[PDB]
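Start at 1 and go down the list; that is how both ligands and their atoms are numbered. For the numbers below, each heavy atom of this structure counts, side chains included, while hydrogens, waters and symmetry mates do not. In what follows, chains are A, B, ... by sequence order, proteins preceding strands, each numbered from 1.
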Amino acid sequence: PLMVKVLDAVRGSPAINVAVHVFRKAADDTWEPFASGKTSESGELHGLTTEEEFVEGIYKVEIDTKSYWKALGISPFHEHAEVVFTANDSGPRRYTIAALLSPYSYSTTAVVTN
Amino acid sequence: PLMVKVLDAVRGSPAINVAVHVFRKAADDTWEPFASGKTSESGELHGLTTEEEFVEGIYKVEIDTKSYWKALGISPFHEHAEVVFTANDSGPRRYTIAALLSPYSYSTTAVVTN
Amino acid sequence: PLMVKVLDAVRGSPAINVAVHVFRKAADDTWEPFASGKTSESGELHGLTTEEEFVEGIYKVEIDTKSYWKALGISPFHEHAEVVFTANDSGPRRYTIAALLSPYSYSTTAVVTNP
Amino acid sequence: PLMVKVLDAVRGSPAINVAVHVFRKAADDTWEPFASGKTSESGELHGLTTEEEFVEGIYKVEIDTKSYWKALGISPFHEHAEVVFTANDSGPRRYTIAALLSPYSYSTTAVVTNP
Ligand SMILES: Cc1cc(C(=O)Nc2cc(Br)c(O)c(Br)c2)cc(C)c1O
Ligand SMILES: Cc1cc(C(=O)Nc2cc(Br)c(O)c(Br)c2)cc(C)c1O
């Protein structure tokens with residue numbers, strides 16, 4: 001039910017081998033590790049979770065943009081990019097978190113479908 | 001070699017049934033019709049052209065954003081969204097033109113791969 | 001009543017010396033030259049037109065992004081970024097057309113205010 | 001040395017009365033409250049800090065986008081937009097953090113200048 005896709009606005013390419021960490025907000029308001037991985041050659045990260053595990057709640061997707069840029073020899077502004085949202089069972093069932101990266105900027109959108 | 005993908009930033013969805021026209025710049029600097037279609041349920045428009053037909057040159061992709069917004073009952077700013085670029089055989093072979101739409105704004109990127 | 005602002009997403013800076021050409025659709029459906037200029041050190045382009053001259057119509061703001069990037073020695077994707085909109089059709093408004101540029105991407109937004 | 005500007009991509013207007021909370025990472029690795037405020041009628045938030053107080057560090061600018069959209073009666077996707085960056089590590093700079101908001105999307109950029 002959750003996919004992350006990352007694109008590079010400088011090279012016009014997927015953002016490959018980018019580390020992505022997902023956290024779930026705990027009762028005590030701390031961020032608990034939930035899922036992680038690295039984007040593929042297509043810039044996508046599949047298989048993070050299952051429907052059974054992905055219950056309603058607040059999640060944070062942290063994209064390691066700083067390492068990505070440094071590995072390309074580029075000095076970036078941000079420490080990481082964070083996307084924080086609530087999963088809601090009354091809306092559609094599949095979430096795509098998409099990010100478009102530049103050294104000093106990023107854009108993100110949600111594509112939520114059934 | 002050419003795919004167009006359109007997303008909706010208001011609803012968090014693909015932008016479905018959006019008209020897209022592609023033009024090729026002619027010798028006399030006019031825009032000649034090249035390919036067209038409507039985005040699918042996934043927001044994508046496949047099959048516009050073939051490798052044989054898609055020669056180097058300047059192309060314009062015009063996305064009919066005004067009709068899209070009006071069909072959803074929303075008053076938009078732009079007449080359309082235009083993406084104008086040169087196809088170059090020395091770069092990678094497949095072009096994805098991606099657009100992310102809002103009533104008063106849009107973002108576009110190119111994903112160019114082999 | 002028309003201002004253009006351009007930022008650079010690679011540099012984290014205003015986009016300086018960006019050429020901008022504005023056209024207005026004529027009665028015969030062609031794009032007539034309306035005004036032009038370049039962004040300043042702040043990334044802003046002021047003084048394009050006047051409230052008398054900026055009548056109702058369909059306008060095209062062409063931001064010369066390729067020329068900008070090439071002048072910086074970079075080979076970008078797009079030829080230009082075009083922003084096409086109907087203006088002043090409910091009376092005079094003030095328009096800011098804002099753009100944010102990367103070599104293979106851009107975003108644009110409008111800020112429309114009623115004086 | 002720190003300014004936040006927020007625009008609304010649905011309205012084509014400044015995003016007014018947007019709450020913004022700034023944190024700075026402490027020695028113990030927690031996020032310490034640093035400053036806060038709200039955007040004005042222009043969409044800008046000035047006066048958050050001073051050059052004395054805005055020392056080197058890792059800062060988090062939290063823009064309360066959900067609260068903004070809910071106050072407008074809209075159910076948005078994100079909880080907030082967070083912008084996290086190292087500041088002043090090569091001496092004092094001026095930072096503008098700019099954001100452009102839609103219910104299911106946002107973009108952010110930085111303008112960094114050397115006074
Ligand atoms: C935040 C953002 C994402 C995207 C985006 O990720 N598009 C996109 C989404 C999926 Br799913 C795809 O498979 C592809 Br290809 C592009 C495009 C733009 C112009 C943008 O500003
Ligand atoms: C993240 C973003 C910011 C902006 C933006 O905020 N531009 C801007 C910055 C400052 Br300081 C201004 O005074 C004004 Br007007 C616009 C524009 C776009 C198209 C965009 O994607």
Side-chain angles (χ1 to χ4, degrees), chain A residues 3-9 12-15 42-46 81 83 94-102 104-111 113, chain B residues 3-9 12-15 42-44 81 83 94-102 104-113, chain C residues 3-7 9 13-15 42-44 63 81 83 94-102 104-111 113, chain D residues 3-9 13-15 42-46 63 81 83 94-102 104-111 113:
Chain A
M3 187 268 277
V4 179
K5 186 153 184 169
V6 192
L7 295 176
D8 174 339
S13 72
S42 67
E44 299 175 8
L45 176 51
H46 293 267
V83 179
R94 304 173 211 158
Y95 303 76
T96 295
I97 302 299
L100 177 61
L101 308 182
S102 301
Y104 281 71
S105 179
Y106 61 93
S107 293
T108 190
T109 199
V111 191
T113 64
Chain B
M3 187 268 277
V4 179
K5 186 153 184 169
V6 192
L7 295 176
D8 174 339
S13 72
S42 67
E44 299 175 8
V83 179
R94 304 173 211 158
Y95 303 76
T96 295
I97 302 299
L100 177 61
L101 308 182
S102 301
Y104 281 71
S105 179
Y106 61 93
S107 293
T108 190
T109 199
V111 191
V112 185
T113 64
Chain C
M3 190 272 274
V4 178
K5 185 154 186 164
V6 190
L7 295 178
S13 71
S42 70
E44 303 185 357
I63 300 171
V83 178
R94 302 203 197 291
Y95 301 81
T96 299
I97 303 307
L100 177 63
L101 305 183
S102 299
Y104 279 76
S105 181
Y106 62 89
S107 60
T108 189
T109 198
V111 189
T113 63
Chain D
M3 190 272 274
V4 178
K5 185 154 186 164
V6 190
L7 295 178
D8 179 322
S13 71
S42 70
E44 303 185 357
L45 169 51
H46 296 262
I63 300 171
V83 178
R94 302 203 197 291
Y95 301 81
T96 299
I97 303 307
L100 177 63
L101 305 183
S102 299
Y104 279 76
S105 181
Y106 62 89
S107 60
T108 189
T109 198
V111 189
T113 63

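Considering only non-hydrogen atoms, atom 7 (N) of ligand 2 lies nearest to C:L7 out of C:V4, C:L7, D:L100, D:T109. The residue from C:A99, D:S107, D:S42, C:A81 that puts a heavy atom closest to atom 1 (C) of ligand 2 is D:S107.
Within the 4.0 Å heavy-atom shell around ligand 1 one finds B:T108.
Note that OG of B:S105 is 9.0 Å distant from CG of D:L7, once rounded to the nearest 0.5 Å. Taken to the nearest 0.5 Å, the CD1 atom of B:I97 stands 14.0 Å off from the NZ atom of B:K5. Rounded to the nearest 0.5 angstrom, D:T113 OG1 and D:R94 CZ are separated by 6.5 Å. Within the model, atoms CD1 of D:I63 and CG of D:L101 stand 7.0 Å from one another, a figure rounded to the nearest 0.5 Å.
Heavy-atom contacts of A:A98 reach the following atoms of ligand 1: 6 (O) (cutoff under 4.0 Å).
What sits closest to atom 12 (C) of ligand 2 on the protein, heavy atoms only, is D:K5 NZ, 3.1 Å.
When atom types are taken as modelled, the side chain of D:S107 and the backbone of A:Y106 share no donor-acceptor pair closer than 3.5 angstrom.
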